[PDB]
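Shown next: data.cif, given as mmCIF, C-alpha atoms.
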```cif
data_query
#
loop_
_atom_site.group_PDB
_atom_site.id
_atom_site.type_symbol
_atom_site.label_atom_id
_atom_site.label_comp_id
_atom_site.auth_asym_id
_atom_site.auth_seq_id
_atom_site.Cartn_x
_atom_site.Cartn_y
_atom_site.Cartn_z
ATOM 1 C CA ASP A 309 -54.179 -65.215 170.511
ATOM 2 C CA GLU A 310 -53.012 -63.095 173.428
ATOM 3 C CA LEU A 311 -49.643 -64.799 172.824
ATOM 4 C CA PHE A 312 -49.277 -62.998 169.500
ATOM 5 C CA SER A 313 -50.190 -59.643 171.026
ATOM 6 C CA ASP A 314 -47.482 -60.274 173.723
ATOM 7 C CA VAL A 315 -44.808 -61.280 171.199
ATOM 8 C CA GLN A 316 -45.426 -58.076 169.260
ATOM 9 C CA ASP A 317 -45.142 -56.111 172.524
ATOM 10 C CA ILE A 318 -41.652 -57.573 173.126
ATOM 11 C CA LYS A 319 -40.628 -56.704 169.547
ATOM 12 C CA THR A 320 -41.854 -53.105 169.937
ATOM 13 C CA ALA A 321 -40.214 -52.469 173.376
ATOM 14 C CA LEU A 322 -36.965 -53.954 171.924
ATOM 15 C CA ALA A 323 -37.291 -51.565 168.931
ATOM 16 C CA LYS A 324 -37.882 -48.645 171.363
ATOM 17 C CA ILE A 325 -34.809 -49.545 173.568
ATOM 18 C CA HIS A 326 -32.714 -49.697 170.381
ATOM 19 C CA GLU A 327 -33.951 -46.238 169.381
ATOM 20 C CA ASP A 328 -33.124 -44.728 172.840
ATOM 21 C CA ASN A 329 -29.670 -46.418 172.636
ATOM 22 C CA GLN A 330 -28.960 -44.358 169.504
ATOM 23 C CA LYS A 331 -29.864 -41.101 171.329
ATOM 24 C CA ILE A 332 -27.713 -42.139 174.391
ATOM 25 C CA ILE A 333 -24.885 -42.790 171.868
ATOM 26 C CA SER A 334 -25.248 -39.346 170.272
ATOM 27 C CA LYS A 335 -25.094 -37.632 173.688
ATOM 28 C CA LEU A 336 -21.955 -39.627 174.495
ATOM 29 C CA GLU A 337 -20.453 -38.531 171.133
ATOM 30 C CA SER A 338 -21.201 -34.855 171.875
ATOM 31 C CA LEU A 339 -19.485 -35.235 175.341
ATOM 32 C CA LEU A 340 -16.484 -36.774 173.633
ATOM 33 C CA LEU A 341 -16.196 -33.669 171.425
ATOM 34 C CA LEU A 342 -16.342 -31.571 174.616
ATOM 35 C CA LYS A 343 -13.375 -33.680 175.876
ATOM 36 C CA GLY A 344 -11.368 -32.392 172.817
ATOM 37 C CA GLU A 345 -12.093 -28.757 173.875
ATOM 38 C CA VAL A 346 -11.171 -29.449 177.544
ATOM 39 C CA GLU A 347 -7.885 -30.866 176.130
ATOM 40 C CA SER A 348 -7.295 -27.614 174.265
ATOM 41 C CA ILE A 349 -8.080 -25.613 177.447
ATOM 42 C CA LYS A 350 -5.396 -27.710 179.343
ATOM 43 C CA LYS A 351 -2.950 -26.775 176.539
ATOM 44 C CA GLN A 352 -3.829 -23.030 176.511
ATOM 45 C CA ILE A 353 -3.269 -22.658 180.316
ATOM 46 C CA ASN A 354 0.187 -24.280 180.012
ATOM 47 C CA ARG A 355 1.014 -21.691 177.330
ATOM 48 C CA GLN A 356 -0.214 -18.998 179.697
ATOM 49 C CA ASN A 357 2.098 -20.257 182.450
ATOM 50 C CA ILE A 358 5.059 -20.145 180.028
ATOM 51 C CA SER A 359 4.085 -16.499 179.291
ATOM 52 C CA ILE A 360 3.716 -15.557 183.022
ATOM 53 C CA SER A 361 7.368 -16.626 183.320
ATOM 54 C CA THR A 362 8.520 -14.299 180.626
ATOM 55 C CA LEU A 363 6.753 -11.489 182.604
ATOM 56 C CA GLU A 364 8.480 -12.547 185.754
ATOM 57 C CA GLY A 365 11.819 -12.587 183.841
ATOM 58 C CA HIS A 366 11.419 -8.976 182.727
ATOM 59 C CA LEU A 367 10.100 -8.059 186.147
ATOM 60 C CA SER A 368 13.380 -9.371 187.700
ATOM 61 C CA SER A 369 15.373 -7.148 185.256
ATOM 62 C CA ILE A 370 13.364 -4.114 186.515
ATOM 63 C CA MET A 371 13.955 -4.960 190.216
ATOM 64 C CA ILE A 372 17.767 -4.956 189.798
ATOM 65 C CA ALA A 373 17.382 -1.551 188.034
ATOM 66 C CA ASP B 308 -50.181 -72.307 178.528
ATOM 67 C CA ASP B 309 -49.343 -71.326 182.121
ATOM 68 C CA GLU B 310 -45.522 -71.757 182.026
ATOM 69 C CA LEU B 311 -44.980 -69.900 178.738
ATOM 70 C CA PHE B 312 -47.282 -67.110 179.896
ATOM 71 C CA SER B 313 -45.220 -66.714 183.108
ATOM 72 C CA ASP B 314 -41.923 -66.764 181.135
ATOM 73 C CA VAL B 315 -43.268 -64.218 178.625
ATOM 74 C CA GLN B 316 -44.197 -61.966 181.569
ATOM 75 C CA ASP B 317 -40.495 -62.322 182.769
ATOM 76 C CA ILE B 318 -39.264 -61.066 179.359
ATOM 77 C CA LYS B 319 -41.693 -58.097 179.631
ATOM 78 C CA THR B 320 -40.658 -57.312 183.194
ATOM 79 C CA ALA B 321 -36.990 -57.461 182.069
ATOM 80 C CA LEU B 322 -37.659 -55.017 179.186
ATOM 81 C CA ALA B 323 -39.344 -52.596 181.588
ATOM 82 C CA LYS B 324 -36.187 -52.756 183.757
ATOM 83 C CA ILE B 325 -34.002 -51.955 180.770
ATOM 84 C CA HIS B 326 -36.298 -49.140 179.681
ATOM 85 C CA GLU B 327 -35.788 -47.659 183.237
ATOM 86 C CA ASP B 328 -32.009 -48.043 182.852
ATOM 87 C CA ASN B 329 -32.153 -46.090 179.613
ATOM 88 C CA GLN B 330 -34.097 -43.289 181.296
ATOM 89 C CA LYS B 331 -31.620 -43.048 184.266
ATOM 90 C CA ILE B 332 -28.720 -42.987 181.745
ATOM 91 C CA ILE B 333 -30.394 -40.297 179.626
ATOM 92 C CA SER B 334 -30.947 -38.168 182.740
ATOM 93 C CA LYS B 335 -27.276 -38.320 183.778
ATOM 94 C CA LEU B 336 -26.133 -37.465 180.231
ATOM 95 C CA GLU B 337 -28.446 -34.380 180.162
ATOM 96 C CA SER B 338 -27.048 -33.193 183.487
ATOM 97 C CA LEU B 339 -23.496 -33.623 182.085
ATOM 98 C CA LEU B 340 -24.347 -31.813 178.815
ATOM 99 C CA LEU B 341 -24.604 -28.643 181.022
ATOM 100 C CA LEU B 342 -20.770 -28.683 180.956
ATOM 101 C CA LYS B 343 -20.954 -27.453 177.316
ATOM 102 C CA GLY B 344 -21.872 -23.932 178.287
ATOM 103 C CA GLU B 345 -19.414 -23.936 181.183
ATOM 104 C CA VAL B 346 -16.572 -24.908 178.754
ATOM 105 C CA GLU B 347 -17.652 -22.254 176.232
ATOM 106 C CA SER B 348 -17.509 -19.700 179.047
ATOM 107 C CA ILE B 349 -13.982 -20.933 180.043
ATOM 108 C CA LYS B 350 -12.788 -20.593 176.378
ATOM 109 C CA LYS B 351 -13.893 -16.922 176.540
ATOM 110 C CA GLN B 352 -12.080 -16.229 179.842
ATOM 111 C CA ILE B 353 -8.823 -17.791 178.554
ATOM 112 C CA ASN B 354 -8.896 -15.494 175.486
ATOM 113 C CA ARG B 355 -9.704 -12.545 177.701
ATOM 114 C CA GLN B 356 -6.757 -13.629 179.846
ATOM 115 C CA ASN B 357 -4.309 -13.987 176.881
ATOM 116 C CA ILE B 358 -5.106 -10.387 175.857
ATOM 117 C CA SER B 359 -4.374 -9.209 179.393
ATOM 118 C CA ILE B 360 -0.928 -10.888 179.494
ATOM 119 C CA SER B 361 0.054 -9.023 176.240
ATOM 120 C CA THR B 362 -1.031 -5.678 177.732
ATOM 121 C CA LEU B 363 1.290 -6.642 180.563
ATOM 122 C CA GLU B 364 4.215 -8.009 178.462
ATOM 123 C CA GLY B 365 4.199 -4.659 176.698
ATOM 124 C CA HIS B 366 4.008 -2.286 179.662
ATOM 125 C CA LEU B 367 6.970 -4.261 181.046
ATOM 126 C CA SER B 368 9.052 -2.897 178.106
ATOM 127 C CA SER B 369 7.891 0.761 177.921
ATOM 128 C CA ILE B 370 9.069 0.690 181.574
ATOM 129 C CA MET B 371 12.226 -1.276 180.555
ATOM 130 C CA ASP C 309 -39.101 -77.328 173.046
ATOM 131 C CA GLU C 310 -36.445 -75.483 171.102
ATOM 132 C CA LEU C 311 -38.890 -72.750 172.125
ATOM 133 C CA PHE C 312 -38.251 -73.200 175.872
ATOM 134 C CA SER C 313 -34.462 -72.973 175.400
ATOM 135 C CA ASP C 314 -34.923 -69.875 173.152
ATOM 136 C CA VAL C 315 -37.098 -68.130 175.748
ATOM 137 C CA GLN C 316 -34.428 -69.006 178.426
ATOM 138 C CA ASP C 317 -31.590 -67.534 176.364
ATOM 139 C CA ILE C 318 -33.740 -64.428 175.756
ATOM 140 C CA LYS C 319 -34.178 -64.097 179.553
ATOM 141 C CA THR C 320 -30.441 -64.563 180.270
ATOM 142 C CA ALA C 321 -29.352 -61.995 177.632
ATOM 143 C CA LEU C 322 -31.782 -59.344 179.038
ATOM 144 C CA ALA C 323 -30.649 -59.877 182.642
ATOM 145 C CA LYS C 324 -27.037 -59.467 181.470
ATOM 146 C CA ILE C 325 -27.852 -56.217 179.572
ATOM 147 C CA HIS C 326 -29.554 -54.998 182.769
ATOM 148 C CA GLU C 327 -26.567 -56.000 184.998
ATOM 149 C CA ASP C 328 -24.179 -54.221 182.608
ATOM 150 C CA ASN C 329 -26.429 -51.081 182.645
ATOM 151 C CA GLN C 330 -25.900 -50.761 186.479
ATOM 152 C CA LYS C 331 -22.175 -50.353 185.994
ATOM 153 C CA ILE C 332 -22.834 -47.791 183.187
ATOM 154 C CA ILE C 333 -25.156 -45.773 185.538
ATOM 155 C CA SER C 334 -22.543 -45.653 188.464
ATOM 156 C CA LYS C 335 -19.766 -44.561 186.140
ATOM 157 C CA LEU C 336 -21.989 -41.792 184.706
ATOM 158 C CA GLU C 337 -22.938 -40.747 188.292
ATOM 159 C CA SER C 338 -19.216 -40.509 189.029
ATOM 160 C CA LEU C 339 -18.693 -38.104 186.047
ATOM 161 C CA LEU C 340 -21.284 -35.653 187.501
ATOM 162 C CA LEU C 341 -18.741 -34.780 190.242
ATOM 163 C CA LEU C 342 -16.995 -32.908 187.386
ATOM 164 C CA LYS C 343 -19.646 -30.174 187.407
ATOM 165 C CA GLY C 344 -18.280 -29.016 190.756
ATOM 166 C CA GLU C 345 -14.708 -29.257 189.466
ATOM 167 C CA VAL C 346 -15.330 -27.327 186.215
ATOM 168 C CA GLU C 347 -17.211 -24.619 188.233
ATOM 169 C CA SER C 348 -14.313 -24.298 190.690
ATOM 170 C CA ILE C 349 -12.169 -23.863 187.563
ATOM 171 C CA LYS C 350 -14.401 -21.133 186.133
ATOM 172 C CA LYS C 351 -13.995 -19.271 189.472
ATOM 173 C CA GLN C 352 -10.240 -19.746 189.651
ATOM 174 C CA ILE C 353 -9.843 -18.272 186.124
ATOM 175 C CA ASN C 354 -11.978 -15.175 186.834
ATOM 176 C CA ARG C 355 -9.950 -14.596 189.984
ATOM 177 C CA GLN C 356 -6.601 -14.840 188.042
ATOM 178 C CA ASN C 357 -7.924 -12.397 185.395
ATOM 179 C CA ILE C 358 -8.922 -9.877 187.987
ATOM 180 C CA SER C 359 -5.379 -10.256 189.528
ATOM 181 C CA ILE C 360 -3.553 -9.629 186.209
ATOM 182 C CA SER C 361 -5.568 -6.451 185.785
ATOM 183 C CA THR C 362 -4.833 -5.574 189.422
ATOM 184 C CA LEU C 363 -1.093 -5.883 188.420
ATOM 185 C CA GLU C 364 -1.410 -3.510 185.402
ATOM 186 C CA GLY C 365 -2.952 -0.826 187.678
ATOM 187 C CA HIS C 366 0.124 -1.088 189.949
ATOM 188 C CA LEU C 367 2.447 -0.898 186.958
ATOM 189 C CA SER C 368 0.864 2.378 185.765
ATOM 190 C CA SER C 369 1.814 3.914 189.150
ATOM 191 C CA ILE C 370 5.482 3.009 188.467
ATOM 192 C CA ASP D 309 -44.507 -71.553 162.325
ATOM 193 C CA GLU D 310 -45.344 -67.836 162.546
ATOM 194 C CA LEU D 311 -44.040 -68.057 166.136
ATOM 195 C CA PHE D 312 -40.539 -69.514 165.417
ATOM 196 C CA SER D 313 -39.775 -66.746 162.952
ATOM 197 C CA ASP D 314 -41.074 -64.096 165.430
ATOM 198 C CA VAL D 315 -38.808 -65.529 168.132
ATOM 199 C CA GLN D 316 -35.925 -65.308 165.594
ATOM 200 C CA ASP D 317 -36.863 -61.594 165.156
ATOM 201 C CA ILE D 318 -36.614 -61.107 168.943
ATOM 202 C CA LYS D 319 -33.139 -62.784 169.023
ATOM 203 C CA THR D 320 -32.000 -60.468 166.152
ATOM 204 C CA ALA D 321 -33.337 -57.391 167.933
ATOM 205 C CA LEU D 322 -31.735 -58.566 171.224
ATOM 206 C CA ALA D 323 -28.371 -58.948 169.443
ATOM 207 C CA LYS D 324 -28.789 -55.354 168.317
ATOM 208 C CA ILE D 325 -29.222 -53.932 171.818
ATOM 209 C CA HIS D 326 -26.282 -56.027 172.960
ATOM 210 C CA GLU D 327 -24.396 -54.377 170.023
ATOM 211 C CA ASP D 328 -25.624 -50.898 171.270
ATOM 212 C CA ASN D 329 -24.262 -51.617 174.729
ATOM 213 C CA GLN D 330 -20.771 -52.492 173.438
ATOM 214 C CA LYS D 331 -20.719 -49.163 171.625
ATOM 215 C CA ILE D 332 -21.997 -47.300 174.822
ATOM 216 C CA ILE D 333 -19.298 -49.121 176.835
ATOM 217 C CA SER D 334 -16.440 -48.122 174.487
ATOM 218 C CA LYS D 335 -17.591 -44.447 174.328
ATOM 219 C CA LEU D 336 -18.022 -44.227 178.084
ATOM 220 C CA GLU D 337 -14.515 -45.619 178.594
ATOM 221 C CA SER D 338 -13.144 -42.876 176.376
ATOM 222 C CA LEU D 339 -15.199 -40.259 178.220
ATOM 223 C CA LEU D 340 -13.741 -41.316 181.559
ATOM 224 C CA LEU D 341 -10.443 -39.816 180.325
ATOM 225 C CA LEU D 342 -12.090 -36.398 181.002
ATOM 226 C CA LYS D 343 -11.583 -36.684 184.779
ATOM 227 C CA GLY D 344 -7.835 -36.659 184.239
ATOM 228 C CA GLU D 345 -7.981 -33.747 181.752
ATOM 229 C CA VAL D 346 -9.943 -31.724 184.384
ATOM 230 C CA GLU D 347 -7.447 -32.704 187.189
ATOM 231 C CA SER D 348 -4.543 -31.708 185.026
ATOM 232 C CA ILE D 349 -6.153 -28.265 184.425
ATOM 233 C CA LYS D 350 -6.598 -27.834 188.179
ATOM 234 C CA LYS D 351 -2.832 -28.474 188.742
ATOM 235 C CA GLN D 352 -2.052 -26.027 185.994
ATOM 236 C CA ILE D 353 -4.243 -23.288 187.559
ATOM 237 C CA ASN D 354 -2.590 -23.810 190.975
ATOM 238 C CA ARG D 355 0.833 -23.282 189.377
ATOM 239 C CA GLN D 356 -0.526 -20.156 187.641
ATOM 240 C CA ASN D 357 -1.826 -18.736 190.948
ATOM 241 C CA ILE D 358 1.665 -19.242 192.515
ATOM 242 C CA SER D 359 3.315 -17.539 189.487
ATOM 243 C CA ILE D 360 0.948 -14.563 189.780
ATOM 244 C CA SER D 361 1.642 -14.164 193.552
ATOM 245 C CA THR D 362 5.324 -14.005 192.732
ATOM 246 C CA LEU D 363 4.628 -11.153 190.292
ATOM 247 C CA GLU D 364 2.534 -9.173 192.883
ATOM 248 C CA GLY D 365 5.311 -9.850 195.437
ATOM 249 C CA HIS D 366 7.720 -8.221 192.995
ATOM 250 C CA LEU D 367 5.447 -5.246 192.322
ATOM 251 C CA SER D 368 5.142 -5.029 196.144
ATOM 252 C CA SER D 369 8.947 -4.866 196.599
ATOM 253 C CA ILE D 370 9.253 -2.101 193.989
#
```

Write-out of the structure in C-alpha cells:
Amino acid sequence: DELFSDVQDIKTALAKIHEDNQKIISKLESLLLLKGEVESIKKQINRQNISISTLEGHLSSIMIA
Amino acid sequence: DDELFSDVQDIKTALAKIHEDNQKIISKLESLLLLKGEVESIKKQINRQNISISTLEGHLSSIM
Amino acid sequence: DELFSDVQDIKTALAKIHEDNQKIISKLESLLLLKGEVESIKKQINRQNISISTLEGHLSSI
Amino acid sequence: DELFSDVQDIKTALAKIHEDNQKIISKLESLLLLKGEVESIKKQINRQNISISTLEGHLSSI
C-alpha cells in the first residue's frame, strides 16, 4: 500500500542524510589539515621574532659605534 | 490506519528537518573553506618576509 | 505493538539528532568569525613586510 | 512480516547517522582548537610590530 511507499521514502532520505554526512566529514577533515598549516604559520612567525632580535642586537652594536 | 499514518508523517517531517540541518552545516563549511586560499597567501608572505630579514641581517654586517 | 514502540524510538532518535545538529550549527557559525581574524592577519603581515623593506632603504643611506 | 524487517532496516540506518554525528562532533571539537592557534598568531604579530618599531627608532637615532 501507500504504507510501503512511505517506508521506502524514510529509508531513502536516511540513505541520503548518511551520504551528506560523509561529505560534511570530508570538509571537516580538510579544515583539520588547514589547522596543521596554521600551526606551522604560528611557529614560523616566532622564528621571525627571534631573528628580528638578532637584527636589533647588531643594530645596538652599530649605535655605540 | 490513522495513528500510524500520522506517526509516519512525524518521521518524514523529522527527516526533512535533519536534511535542512545538513544543508546549513554544508553552507558554513563552504564559507570556512575560503580560509584555504587565505592561508596559502599567508605562507607566501612569510617566505617573502624571511628572505627580507636575511637581506637585512647581511647589510647589518657589511656596515659592521 | 512492538511496532508502536519501534516507531516511538525512531521518533526520539531523530529529534535527538536534530537537537544535537543545532549545537553543531552554532559552533560552526562561531568559527566564521575567523575569516575576519585571518584577513586582519594577512594585512598585518603585508604591512610588516613593507616596513622591513622601508628599513633596508634607510640602511643603504648609511 | 515484510514490514518488521523494513523497520529493522530503518533502525540500522538511524544507528548509522547517529554514528556519523559522533564522528562530526569529534572532528568539530578538534577544529575548535583553530581559534586559539589564530589568537596566538595575532599576539605574535603584535610583538613583531613592536620589535620592528624599535629597529626604525634605532635607524632614526642614527

If the PyMOL selection byres ((chain D) within 12 of (chain B)) is run on the structure shown, which residues does it catch, given as an mmCIF file with C-alpha atoms, in the frame of the given file?
```
data_model
loop_
_atom_site.group_PDB
_atom_site.id
_atom_site.type_symbol
_atom_site.label_atom_id
_atom_site.label_comp_id
_atom_site.auth_asym_id
_atom_site.auth_seq_id
_atom_site.Cartn_x
_atom_site.Cartn_y
_atom_site.Cartn_z
ATOM 1 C CA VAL D 315 -38.808 -65.529 168.132
ATOM 2 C CA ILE D 318 -36.614 -61.107 168.943
ATOM 3 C CA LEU D 322 -31.735 -58.566 171.224
ATOM 4 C CA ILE D 325 -29.222 -53.932 171.818
ATOM 5 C CA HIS D 326 -26.282 -56.027 172.960
ATOM 6 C CA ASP D 328 -25.624 -50.898 171.270
ATOM 7 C CA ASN D 329 -24.262 -51.617 174.729
ATOM 8 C CA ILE D 332 -21.997 -47.300 174.822
ATOM 9 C CA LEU D 336 -18.022 -44.227 178.084
ATOM 10 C CA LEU D 339 -15.199 -40.259 178.220
ATOM 11 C CA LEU D 342 -12.090 -36.398 181.002
ATOM 12 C CA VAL D 346 -9.943 -31.724 184.384
ATOM 13 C CA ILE D 349 -6.153 -28.265 184.425
ATOM 14 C CA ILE D 353 -4.243 -23.288 187.559
ATOM 15 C CA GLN D 356 -0.526 -20.156 187.641
ATOM 16 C CA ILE D 360 0.948 -14.563 189.780
ATOM 17 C CA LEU D 363 4.628 -11.153 190.292
ATOM 18 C CA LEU D 367 5.447 -5.246 192.322
#
```

Once chain C has been least-squares superposed onto chain D, matching all their Cα atoms in order, can you return it as a PDB file with C-alpha atoms, in the coordinates of the input?
```pdb
ATOM      1  CA  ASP C 309     -45.605 -70.735 163.205  1.00  0.00           C
ATOM      2  CA  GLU C 310     -45.974 -66.981 163.132  1.00  0.00           C
ATOM      3  CA  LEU C 311     -44.691 -67.703 166.643  1.00  0.00           C
ATOM      4  CA  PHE C 312     -41.344 -69.107 165.427  1.00  0.00           C
ATOM      5  CA  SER C 313     -40.698 -66.050 163.221  1.00  0.00           C
ATOM      6  CA  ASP C 314     -41.687 -63.730 166.137  1.00  0.00           C
ATOM      7  CA  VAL C 315     -39.292 -65.474 168.532  1.00  0.00           C
ATOM      8  CA  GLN C 316     -36.529 -65.183 165.821  1.00  0.00           C
ATOM      9  CA  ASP C 317     -37.094 -61.448 165.364  1.00  0.00           C
ATOM     10  CA  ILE C 318     -37.053 -61.051 169.170  1.00  0.00           C
ATOM     11  CA  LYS C 319     -33.654 -62.829 169.231  1.00  0.00           C
ATOM     12  CA  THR C 320     -32.215 -60.699 166.386  1.00  0.00           C
ATOM     13  CA  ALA C 321     -33.345 -57.381 167.954  1.00  0.00           C
ATOM     14  CA  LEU C 322     -31.746 -58.303 171.345  1.00  0.00           C
ATOM     15  CA  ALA C 323     -28.429 -59.334 169.767  1.00  0.00           C
ATOM     16  CA  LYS C 324     -28.388 -56.003 167.900  1.00  0.00           C
ATOM     17  CA  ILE C 325     -29.100 -54.007 171.115  1.00  0.00           C
ATOM     18  CA  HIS C 326     -26.239 -55.955 172.734  1.00  0.00           C
ATOM     19  CA  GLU C 327     -23.841 -55.310 169.780  1.00  0.00           C
ATOM     20  CA  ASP C 328     -24.702 -51.591 169.885  1.00  0.00           C
ATOM     21  CA  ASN C 329     -24.099 -51.526 173.700  1.00  0.00           C
ATOM     22  CA  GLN C 330     -20.420 -52.630 173.126  1.00  0.00           C
ATOM     23  CA  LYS C 331     -19.737 -49.515 171.099  1.00  0.00           C
ATOM     24  CA  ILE C 332     -21.473 -47.387 173.807  1.00  0.00           C
ATOM     25  CA  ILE C 333     -19.235 -48.982 176.534  1.00  0.00           C
ATOM     26  CA  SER C 334     -15.899 -48.300 174.582  1.00  0.00           C
ATOM     27  CA  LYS C 335     -16.853 -44.702 173.909  1.00  0.00           C
ATOM     28  CA  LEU C 336     -17.693 -44.183 177.609  1.00  0.00           C
ATOM     29  CA  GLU C 337     -14.353 -45.850 178.564  1.00  0.00           C
ATOM     30  CA  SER C 338     -12.641 -43.358 176.259  1.00  0.00           C
ATOM     31  CA  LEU C 339     -14.285 -40.388 178.110  1.00  0.00           C
ATOM     32  CA  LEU C 340     -12.759 -41.555 181.448  1.00  0.00           C
ATOM     33  CA  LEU C 341      -9.330 -40.435 180.133  1.00  0.00           C
ATOM     34  CA  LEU C 342     -10.739 -36.927 180.779  1.00  0.00           C
ATOM     35  CA  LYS C 343     -10.404 -37.364 184.547  1.00  0.00           C
ATOM     36  CA  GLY C 344      -6.633 -37.200 184.129  1.00  0.00           C
ATOM     37  CA  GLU C 345      -6.947 -34.199 181.809  1.00  0.00           C
ATOM     38  CA  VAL C 346      -9.303 -32.195 184.071  1.00  0.00           C
ATOM     39  CA  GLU C 347      -6.994 -32.955 187.077  1.00  0.00           C
ATOM     40  CA  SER C 348      -3.929 -31.755 185.151  1.00  0.00           C
ATOM     41  CA  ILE C 349      -6.005 -28.623 184.489  1.00  0.00           C
ATOM     42  CA  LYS C 350      -6.859 -28.132 188.165  1.00  0.00           C
ATOM     43  CA  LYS C 351      -3.087 -28.274 188.897  1.00  0.00           C
ATOM     44  CA  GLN C 352      -2.127 -25.904 186.101  1.00  0.00           C
ATOM     45  CA  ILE C 353      -4.633 -23.294 187.397  1.00  0.00           C
ATOM     46  CA  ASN C 354      -3.415 -23.460 191.022  1.00  0.00           C
ATOM     47  CA  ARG C 355       0.138 -23.047 189.765  1.00  0.00           C
ATOM     48  CA  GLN C 356      -0.817 -19.926 187.668  1.00  0.00           C
ATOM     49  CA  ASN C 357      -2.627 -18.411 190.693  1.00  0.00           C
ATOM     50  CA  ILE C 358       0.355 -18.884 192.918  1.00  0.00           C
ATOM     51  CA  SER C 359       2.511 -17.203 190.162  1.00  0.00           C
ATOM     52  CA  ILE C 360       0.251 -14.113 189.873  1.00  0.00           C
ATOM     53  CA  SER C 361       0.517 -13.658 193.623  1.00  0.00           C
ATOM     54  CA  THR C 362       4.279 -14.226 193.362  1.00  0.00           C
ATOM     55  CA  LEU C 363       4.241 -11.266 190.848  1.00  0.00           C
ATOM     56  CA  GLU C 364       2.335  -8.902 193.219  1.00  0.00           C
ATOM     57  CA  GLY C 365       4.954  -9.542 195.957  1.00  0.00           C
ATOM     58  CA  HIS C 366       7.684  -8.450 193.499  1.00  0.00           C
ATOM     59  CA  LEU C 367       5.686  -5.380 192.520  1.00  0.00           C
ATOM     60  CA  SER C 368       5.413  -4.229 196.161  1.00  0.00           C
ATOM     61  CA  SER C 369       9.247  -4.175 196.291  1.00  0.00           C
ATOM     62  CA  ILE C 370       9.257  -1.728 193.333  1.00  0.00           C
TER      63      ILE C 370
END
```

* residue 368 of chain A environment, 12 Å, all atoms listed in the file, sequence neighbours closer than 5 positions dropped, as a PyMOL selection string -> (chain A and resi 361-363+373) or (chain B and resi 367+371) or (chain D and resi 362-363+365-367+369-370)

Those same residues, written as a compact mmCIF listing (two decimals), in the frame of the given file with C-alpha atoms?
```txt
# COMPACT_ATOMS: atom_id res chain seq x y z
CA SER A 361 7.37 -16.63 183.32
CA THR A 362 8.52 -14.30 180.63
CA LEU A 363 6.75 -11.49 182.60
CA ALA A 373 17.38 -1.55 188.03
CA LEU B 367 6.97 -4.26 181.05
CA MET B 371 12.23 -1.28 180.56
CA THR D 362 5.32 -14.00 192.73
CA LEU D 363 4.63 -11.15 190.29
CA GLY D 365 5.31 -9.85 195.44
CA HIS D 366 7.72 -8.22 193.00
CA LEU D 367 5.45 -5.25 192.32
CA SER D 369 8.95 -4.87 196.60
CA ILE D 370 9.25 -2.10 193.99
```

Please identify every residue of chain D that has at least one atom no farther than 7 Å from an atom of chain C, counting all atoms listed in the file, and for each give the shortest atom pair and the distance in Å to one decimal, arranged by chain then increasing number, as a tab-separated table.
```
residue	atom	partner	partner_atom	distance
D:319	CA	C:318	CA	7.0
D:326	CA	C:325	CA	6.8
D:350	CA	C:349	CA	6.9
D:357	CA	C:356	CA	6.8
D:364	CA	C:363	CA	6.6
```

Output for the residues just chosen: C-alpha atoms as an mmCIF file, in the frame of the given file:
```
data_model
loop_
_atom_site.group_PDB
_atom_site.id
_atom_site.type_symbol
_atom_site.label_atom_id
_atom_site.label_comp_id
_atom_site.auth_asym_id
_atom_site.auth_seq_id
_atom_site.Cartn_x
_atom_site.Cartn_y
_atom_site.Cartn_z
ATOM 1 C CA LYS D 319 -33.139 -62.784 169.023
ATOM 2 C CA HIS D 326 -26.282 -56.027 172.960
ATOM 3 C CA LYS D 350 -6.598 -27.834 188.179
ATOM 4 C CA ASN D 357 -1.826 -18.736 190.948
ATOM 5 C CA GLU D 364 2.534 -9.173 192.883
#
```

* To do: List the residues matched by the PyMOL selection byres ((chain A) within 10 of (chain C)) in the displayed structure as a ChimeraX atom specification, ordered by chain and then by residue number.
  => /A:346,353,360

* Any chance you could resolve the PyMOL selection byres ((chain B) within 7 of (chain A)) against this file and give the residues as a PyMOL selection string? => chain B and resi 319+322+326+329+333+336+340+343+350+364+367+371

* Atomic separation - atom CA of residue 362 of chain B relative to atom CA of residue 365 of chain A, Å -> 15.8 Å

Padded axis-aligned box of segment 325-342 of chain D (3 Å per side), centre and edge lengths, Å, one decimal, as lines of an AutoDock Vina configuration file:
```
center_x = -19.8
center_y = -46.2
center_z = 175.8
size_x = 24.8
size_y = 25.6
size_z = 17.5
```

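Our summary of the geometry notes that atom CA of residue 321 of chain B is positioned 19.0 Å from atom CA of residue 330 of chain D.
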
* To do: Could you please determine the separation between atom CA of residue 333 of chain C and atom CA of residue 328 of chain B in Å, to one decimal place?
  => 7.7 Å
